[PDB]
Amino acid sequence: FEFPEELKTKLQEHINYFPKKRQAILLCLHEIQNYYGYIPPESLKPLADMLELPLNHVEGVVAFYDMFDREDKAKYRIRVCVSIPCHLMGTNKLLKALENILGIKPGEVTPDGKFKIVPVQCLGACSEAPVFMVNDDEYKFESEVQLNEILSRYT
């Protein structure tokens, strides 16, 4: 397993950025996930080598940090706040709307591999509850019609 040049170049930027190589581990793992739609288990050994770290160190880090997903590939992660106060302000309605539009529940991926619903703790936008993200983009849920239009922007 080898990283494509375009990805390897970015990883190398991260690794050269901090005073010590190993400090770049989370930036690198974010970069890997954004490229492949998940963290391929095969990617960890060559990442470890670039960071000058043992494989088990990198494995332990991937396991600890919730944002990283070793199991399911998805183009777009729909992170849905399942905390408080989002629960008062209509998380349930957001989840129902997502089920109506995409046919999936929290934890599931669409058959085409396009969308995965990821339940998350507070996203720090509680005044704009109920909150969700689509990869890096973050939104307030207003209604199914509004949500449907938002999701149509991700192709």
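For every residue, the number given is its place in the sequence shown, counted from 1.
For the pair 5-13 and 134-142, the mean B factor over Cα atoms is greater in 5-13.
In this crystal structure, the stretch out of 39-47 and 84-92 whose C-alpha atoms carry the higher mean B factor is 39-47.
Sort the modelled residues of the chain by CA B factor and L98 lands in the middle third. The entry lists a Cα temperature factor for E31 that places it in the middle third of the chain's modelled residues.
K73: CA B factor in the highest third of modelled residues in this chain (values from the PDB entry). Annotation for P54: CA B-factor lies in the highest third of the chain's modelled residues.
In the deposited entry, the Cα temperature factor of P111 sits in the top third of values across the chain's modelled residues.
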